[PDB]
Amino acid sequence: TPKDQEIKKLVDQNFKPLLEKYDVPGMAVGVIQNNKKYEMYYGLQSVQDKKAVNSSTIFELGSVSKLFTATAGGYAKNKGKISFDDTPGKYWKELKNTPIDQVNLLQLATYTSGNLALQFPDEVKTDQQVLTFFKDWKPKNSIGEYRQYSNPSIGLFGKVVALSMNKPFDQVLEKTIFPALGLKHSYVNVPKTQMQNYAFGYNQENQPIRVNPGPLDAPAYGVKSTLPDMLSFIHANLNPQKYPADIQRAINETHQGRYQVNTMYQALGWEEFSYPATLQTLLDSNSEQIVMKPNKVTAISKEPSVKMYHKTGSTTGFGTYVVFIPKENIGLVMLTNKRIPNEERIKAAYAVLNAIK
């Protein structure tokens, strides 16, 4: 049984049943092993257009967007445009001498401001409203001591990174970061020439929907990409040594764990784990306790040299999961145009990666 058919069988056994189980219109699953890429597509990118999912289909990445924000920040840091010790008022000068200016950029990137929730209010619709939000912001818990997974936290980080590069955030990714990685089908704003490839997302009633991020939400969940581009992104994370110094060091920054919460190490964007890791280890990182509630951070006790990394992402209409293991030179990408439980994504991926070869 050739490897391409072996991987297809495994994906059929573990991911394909999720389609019928959760009435998922379309799915893309990619495996990359030893620099060989395997692409498997299922169902429809648009139900009403009867357009099949293929290698050109653009999906909403949801929170996997934060991996690109982290990479952009690592890039800016290694170019000397920011220091992770800086505070936002250095770059968004209107925030100087406000309480949020006691939080440093690393703490924003890793969700430890001590008073930032998961979501940004939908009532904050303009960029001025965003600035006013952070001028009025007041602390709650000791800065840097509690992880509270937060869109506005990394959103502000993204805004600061862009300012340090004197470019809007969308241009940081589309003109600098995406080209640096050869990602030709990845977008913050999908151009008109690409909309024909942009999947409809489907909500829990299977009604079509696409994301409309707010003024602060692009760095938190505004990126769209295809399966080949995400496999290329995985490939870059598997072999950062290939790239010019600033991008190479940028990727390495996103791999450096900054603190631990139980078995999860919070890196920049990426969630990091000791490898081998149990299934429940990976599932715990997406538990209600870790995702929705504050958790005191602790110093990293076991600092693994053999690691794996992953990140789930969702929008109302899409689900994403990416995971890679450098020592095994393997990674996997799952994209769906319907949100399915994070646990099912992680379990199916775990089953495939541990049975490969």
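Numbers for residues come from their place in the sequence shown, where the first is 1.
The PDB entry reports B-factors from which the mean C-alpha value can be compared for 306-314 and 46-54; the larger average falls on 46-54. Taking only CA atoms, the mean B-factor in the PDB entry is higher for 177-185 than for the other of 149-157 and 177-185. Ranking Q260, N237, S142, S225 by Cα temperature factor from the entry places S142 first.
Comparing the listed residues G214, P208, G74, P219, the entry records the largest Cα B-factor for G214. In the deposited entry, the Cα temperature factor of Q204 sits in the middle third of values across the chain's modelled residues. Annotation for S65: CA B-factor lies in the lowest third of the chain's modelled residues. In the deposited entry, the Cα temperature factor of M165 sits in the top third of values across the chain's modelled residues. In this PDB entry, the Cα temperature factor of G114 sits in the middle third of its chain's modelled residues.
When all modelled residues of the chain are sorted by CA temperature factor, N329 is found within the middle third.
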